[PDB]
Structure formats: C-alpha cells, structure tokens
C-alpha cells in the first residue's frame, strides 16, 4: 500500500496552499485523503505486476586514481554490443546523467550518488545494437547546471591539454575521455551548452543535434524544452556516424514530434561546399566578458572557408543576445519547477518515466541539499521566487518570446546556409581552489554560455569544431543551422576539418 501522510504533513500541505483547517477539517481529511490514495495503491500494484523493468547483472569498477588521471570517470565497465554494426570495435563513455541498467550513477551530485537504474536509456541500447562497447560512465557537473568542470561532487575534471585547467562542462568528463583517447566516443547532454562547451575546451567535436532528433529517454532531465543528448567525438565524421546510430523517435520521449525522422548525415558528408553561404553572427563576437585572441582566431577561421568556395559575410542578429535572457528564465524557473520540485521527470507529459529514480532523487536531495552546487542553489532560490511570488508569469512571458527568437535565427538562415561564431569567448582557465568565492564560482561557471545557450531554447542543431589553438589551448568554431538540417551542419564542419587540416592531440 502507498504511504499515507500524517497530520503534520496534512497541515503543512494545507499551509502550502494558504488553506486553513479548522478542528473538524483536521479530523476528516485523513480518511478522505486515505480514500483518494486508494487509487495510488492500485497503481502501485499494477505497476509491480506489469511495468516493473527486469533485473540486470553487469559489472563495473571504481578506477584507481592512477587509472583515472583526469577524474573524468565515475565508474568503468565493459558492456559488450548486442549486435555487430557501424560501431563494432569502438568504445563509448556514457555521461553519468544517462542511465545504464545495472550500473551506479550520481549525475555528479551528492543528491543522487548511490542510485543504480533498471533501464538502459534509448541511446545506450542503440549504441550497443550498433556494435559499440560501453566503457563506462563519465562524470558530469553537479546536476549538470554548470558550464565549467568544477561542480562535480566527485571532484573537478582536468583538461587533457593542461591538467591545471578546466575540461569544461557539464559533460566535462565525456570530452576529457574523448580528447585523452580513453574512448572513441561519448554521449553528452546539452541544456545550455554542455555538449559544445567541454568539446571546445578539450579540442574535440561536440554536436547538440536538432531538438527532439535524439531521444532523451533515460537521461536525467533539467527542463524538458531544452534537454538534448548528443555525440562528443574526436572527428566530425565520427560525430556524424554516432548521430546516424542514435537519432530517431523511440516513442517514449514527449520532446520528439511525430514528424521527426533520422536524416542522412553520411552520404554527403564529404561533398563540396562550393557556393554555401556562411553567416558570421556579429553578436557572437566582442562580448564584454571575453578574450579577443579567441574571437579573432575563430573569425579568421570562418573567413578561410572562402578558400573552398564558400561565400562568407557578416550578419546582424540582435535577438541572439535576447535569446540568452529568454533561455535563462526558462532554465531558471523551469529548472527549479521540474528538475527540483518535479524530481527530474516532473509531470504533465506523456512518455516513459523512471519512478525509481524520482523516488531516490526525492529523498536524497532534501537530505543533501546543502551539498548542491552554488549554481544549482542559485537556480533553486530565484526559480522558486519565479514559481511562487512571480506566479510563473516570467516563464510564460519567456515562452511567448521563444518563437520570435526562433524566427530571428530562421530569417538569418534564409540568407545563409549556416551561422557561425565562437563556441566560447575564451580558452580553458585554471581550476579554482576549493576555497572559491560564491560570486566568482557562479560567474566562472555561467559566463561562457552566451553563444551556446540561445540554441538550446530555439532548438537549432549546433556543432562545435576545433578551430585552432590560442596560447596552446583549444578554441572552437560553432556551426549552427536549420532545424533537422544536421547533415549540412556536419558537412560544413567536415569541410572545415579538411581545410584546417589535422588538429593536434593533447598528447602530441
């Protein structure tokens, strides 16, 4: 039977809604609530007899500090493919916010550490059926609300290019492992740039596909309308190969529209880009907070594409700066409402839920809230203000502005094939000391998402490709295009790779 609430809880519930119970109310509600909970009892029973996922027996190990030099691994594994395919012989690291049945996961947070899922996320299942070997779970920022790599409760991920500098984030671990050569590919998540940012910082390729293309099923949600799963690879070709395996509706993710279909990211990957219009978004350069050397390197990189027949011109998209603030509201109000109060999955959406995870997270986060990262706490405090005092109006206003933001980019996309700008306005900085300032902490973890975040809310596919080195550190060029035109975005990235030439390895 489902647990019933006690009188103290009933009173707390009533006070939550501003309801005042008299003496007779406090006496009757219990029995009534108990009657209502009768349906919950039935759901509990039906769920136990019909929707309880099977058990799993897979092995894993906590690597020793020696076999985990960058602190990029949470746990290691060797899960064999179920069929041979285009990934046979390759290894893949899975971001810790993504479930792998029978394997522990914590999503870089103390509020989740200790959870062992019963289901494999859809992308995990597709990877295995393509011949890949899942090599383990890669550490991710505390509940992923961080653009750097110092919020993981298990410690900071070191960049393989400079073990003193950040690996980025929130998929810091994934990129590090890929850059360091520990795995061939990695599955990363992107809500404000978590796939593109660490890739840029670690000198690897990161693709946040068109929203809804890759099923999110099985990954810990943050805010439903901006959740993205995607590939982090060493090369554009591999990124396209991974996408061909993971893309496509799975019938369990409400984010995916009925019309979603996997495109062809390989057939024309190497086709010439002669005649393609490349738009350099002005608002993507010269931010108050930035390193000009970085912007110029990427700017030069963008223009060099003329060397292969591309017409390159600058274009103004004022809404690019507006989109950031619209994203921030959606991520702040939405994140606190869903990720926290809704315990990850939230409610009011059709699809496959993870009630085991929801329960686990619910208890742990209230007993370890103080351990939550400073950025998550910021989201919590201000979002709660947005949800209650503000009545959710700001979230509503932001939602009503999204179409305008989308249209602003699509208009530019009628004049250009793809839009380009620096992925990040600066190279990986040194890791802060575990004595950091709350204010510094929040600015150093959220000040590099200005160009990436906008595309999370509008949903356009956005790709980060290494564009060169600045003071020995990797910088990235971000190529963004039309919804579901991931193929063209990848083609341009590929074409740029050929022109740019082989990009150095942190081991080189």
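Numbering follows the first chain given and starts at 1.
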*Given 398-406 and 357-365, the range whose Cα B-factors average higher in the PDB entry*: 357-365
*asked:* Please compare 429-437 with 95-103 and say which has the higher mean C-alpha temperature factor in the record.
replied: 429-437
*In terms of CA temperature factor as recorded, identify the highest of 243, 123, 144, 135.*
144
_Given 209, 155, 335, 206, the residue at which the Cα B factor reaches its maximum_ = 155
*For residue 463, return the chain-relative third of its C-alpha B-factor as stated in the PDB record: lowest, middle or highest.*
lowest
*Compared with the other modelled residues in the chain, in which third is the CA B-factor of residue 186?*
middle
*Once the chain's modelled residues are ordered by C-alpha B factor and cut into thirds, is residue 422 in the lowest, middle or highest one?*
middle
_residue 73 - which third its CA temperature factor falls in, relative to the rest of the chain_ = middle
*Would the CA B-factor of residue 226 place it in the lowest, middle or highest third of its chain?*
lowest
